[PDB]
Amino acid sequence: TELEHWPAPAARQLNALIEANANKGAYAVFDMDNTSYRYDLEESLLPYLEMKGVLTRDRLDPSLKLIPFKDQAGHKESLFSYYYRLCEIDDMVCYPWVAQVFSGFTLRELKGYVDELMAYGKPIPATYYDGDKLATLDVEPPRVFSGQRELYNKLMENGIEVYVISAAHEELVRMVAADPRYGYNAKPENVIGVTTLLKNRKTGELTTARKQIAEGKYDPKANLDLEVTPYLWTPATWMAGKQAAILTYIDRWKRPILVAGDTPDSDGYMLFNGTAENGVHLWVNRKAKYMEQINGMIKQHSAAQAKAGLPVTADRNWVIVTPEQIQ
């Protein structure tokens, strides 16, 4: 596999790193949404299922009705719009919530919807509230980044283990990252994301893939008819939780030789704290506000590293691309 869909300087660096680190027990970590593919799985699957009338205020787990709905005589507030209002309280509210909102469905069912969504290829209209007025928006379904697909594979081929650490529900992400049809070929056990309790509707048994994996009894097929529940397992794989996830599920001491992200706060803990001294920070720049945020973080963290007596690595080996460069 070769790095076709990459700017050549980006390709040279990745090639250097891959070559330097081949077959030595090394590993890499990718965020998923807007990093491994363009756009956002949950943020499109949610308004997609609403549109299909599958996911409605009526079926939403009561534990997720955290605030009153904002209904106009004209209009019932959508789940999508409710989500946006949850994020205005805080990221730490709406991040779990937008994974939990898929509770009530079995994995088989969600898998049908993900693939439906993945093949949809049209924008999905969603309504929200710009302050007080009903605004509207089209949300793109996810689009595989050819470059990431290639890099995932070339890493694997050179004996570099590939992990996904995602702020999205681990089961949803796995439905794309680990299904060969999408071409990433991640190992399903190597997909790490937001985990909620899965419930056996016959026995009442509660389980999660992370527990099965830690116990060495993971069977993905056996989980298909389990129902997603909202109850949150941890580490919650966002912000410092991404670094917690690496320590918990990957390695306590060995650092990834490559970390990929796109959201400065969500991905910055694993980018800055996780990435090995000589590893690459892979960055999908999709937004100026974000590019600026991460540049200030590079400056603050480089100075803090020096002040703390650590080698300055926060500013080393950035490989920065835009979505269009790797599509």
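For every residue, the number given is its place in the sequence shown, counted from 1.
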**Study point:** 153-161 set against 193-201, stretch whose average Cα temperature factor tops the other in the entry
**Key:** 153-161
Check your understanding: According to the deposited model, is the average Cα temperature factor higher in 16-24 or in 302-310?
Key -> 16-24
Review point. Quick one: which of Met175, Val139, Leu247, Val93 has the biggest Cα B-factor according to the entry?
Key: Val139
Exercise for review: Could you tell me which one of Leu224, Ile89, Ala209, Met118 shows the highest CA temperature factor in the PDB record?
Suggested key: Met118
Review point. When the modelled residues of the chain are sorted by Cα temperature factor, does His169 land in the lowest, middle or highest third?
Key: lowest
Exercise for review: Within this chain's modelled residues, let me know which third the CA B factor of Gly279 belongs to: lowest, middle or highest.
Suggested key: middle
Check your understanding: Should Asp31 be placed in the lowest, middle or highest third of its chain by the C-alpha B factor in the entry?
Key -> lowest
Practice item. Pull the Cα B-factor of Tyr128 out of the PDB entry and bin it into the chain's lowest, middle or highest third. Key: highest
Revision key, fill the gap. In terms of its chain's C-alpha B-factors, the third that includes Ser81 is the middle
